[PDB]
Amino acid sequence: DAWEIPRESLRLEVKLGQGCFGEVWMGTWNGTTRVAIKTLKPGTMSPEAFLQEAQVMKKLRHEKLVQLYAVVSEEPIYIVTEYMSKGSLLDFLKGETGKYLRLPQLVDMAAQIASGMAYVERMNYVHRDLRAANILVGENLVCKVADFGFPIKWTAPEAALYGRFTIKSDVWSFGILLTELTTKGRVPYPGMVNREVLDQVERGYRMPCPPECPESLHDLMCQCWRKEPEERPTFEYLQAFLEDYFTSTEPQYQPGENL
């Protein structure tokens, strides 16, 4: 058991999520420390399929990966975790302060995610659904990699077509996630339906450079979007590249209207 707790500890205060097969609540733990809860909506998935997520989350422990705190085996099940106060990043980028973000805050932000995924990469694990809807945000623009568990527009074409879901198909996704950041949360492949994406991309189409995104950064995304998984960069290299960007790659970056 080890991470099992009682319902006596917890209190589910305001419903923040409304998942495929569950819900998500702000709360309080042992009446003191403020946490988040995944509640299985009963019948649907059962304590087998749902509770392999707590297995996986037990082994990972990293400063950019949402931290498991506790579990509740006896039904209804509450999977418990730290609370990211600004929520999902897609929400944050679309919300109040999205308009004030410039490219040093987005690229800093990006480097934290790459950090988390490098740790994921080190453990020989695949995420499978890397994107702005699976990144939570707390104060001071701290981002962490989360999971809320199909998206053609984020999934690599070798994983979408043939199921080769490797670390390097998360590398692909990271490049797309980068375009979300640089457009402020806009959906990939504007106007193009799932079917058009595959076909065009399959035939070499990549997203053009976002307006006011320098070309150096657009060369990074295309690096993630190479046709051969093994020629994609790595999260470590991407981490460093993003960390060093304004000294080593854009020292004449000058902020403008949007970025």
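Think of the rigid core as the biggest set of C-alphas that the two forms share within 1.5 Å after superposition. Numbers for residues come from their place in the sequence shown, where the first is 1.
Participant: Name the stretch that deviates more in 5 other deposited structures of this protein: 194-202, or 25-33? Use RMS CA distance to the shown form, core superposed.
Facilitator: Evaluated in 5 other deposited structures of this protein, the stretch farther from the shown form is 25-33.
Participant: For a rigid core alignment of each structure in 5 other deposited structures of this protein onto the shown form, which stretch has the higher root mean square Cα deviation: 207-215 or 64-72?
Facilitator: Higher average C-alpha offset in 5 other deposited structures of this protein goes to 64-72.
Participant: Could you bin the unmodelled part of the deposited chain lying between residue 149 and residue 150 as none, 1 to 3, 4 to 9, or 10 or more?
Facilitator: Per the deposited record, the segment joining residue 149 and residue 150 lacks coordinates for 10 or more residues.
Participant: Higher average CA B factor in the deposited record is what I'm after, so tell me if that's 9-17 or 245-253.
Facilitator: So the stretch with the higher mean C-alpha B-factor is 9-17.
Participant: Out of 117-125 and 174-182, which one has CA B-factors that are higher on average in the deposited record?
Facilitator: Higher mean C-alpha B-factor in the PDB entry: 117-125.
Participant: Identify, among 207, 201, 54, 221, the residue whose C-alpha carries the highest B-factor in the deposited PDB entry.
Facilitator: It is 54.
Participant: Kindly indicate the residue among 217, 193, 66, 40 with the greatest C-alpha B-factor in the PDB record.
Facilitator: Going by the entry's C-alpha B-factors, 40 comes out highest.
Participant: Quick check for you: using the entry's CA B-factors within this chain, is residue 82 in the lowest, middle or highest third?
Facilitator: Within its chain, residue 82 is a middle-third residue by C-alpha B-factor, going by the deposited values.
Participant: Against its chain's modelled residues, does residue 90's Cα B factor rank lowest, middle or highest third?
Facilitator: Residue 90: CA B-factor falls in the lowest third of its chain.
Participant: Among the chain's modelled residues, which third holds the C-alpha B-factor of residue 73?
Facilitator: Residue 73: CA B-factor falls in the highest third of its chain.
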